[PDB]
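First, one chain by itself in structure tokens, the form deposited in one PDB entry.
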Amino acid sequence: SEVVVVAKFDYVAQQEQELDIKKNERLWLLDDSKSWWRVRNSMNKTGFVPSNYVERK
């Protein structure tokens, strides 16, 4: 992308869709305009949707 971020802390991925990162590692942020929530639907699929497209019931 056009946005580089730096890991503040290590992160151990907990799922296949997550990424292991080390403190001080530089990464591409794929679209700064997009924060995601991990959600599960009524057909038992888990994935990501933009946080601003959903709201807490």
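Under this definition, the rigid core comprises the largest set of C-alpha atoms superposing within 1.5 Å between the forms. We number the residues from 1 along the sequence you see. Shifts are known only where both forms have a C-alpha.
Omitted from view is the form deposited in another entry, to which the following refers.
Superposed on the core, the two forms differ at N44: its CA moves 2 Å or more between the shown form and the other one. Once the cores line up, the CA of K22 ends up less than 2 angstroms apart between the shown form and the other one. For residues common to both forms, superposing the rigid core between the shown form and the other one reveals a single consecutive run of 3 or more with all Cα shifts of 2 angstroms or more, at 31-57.
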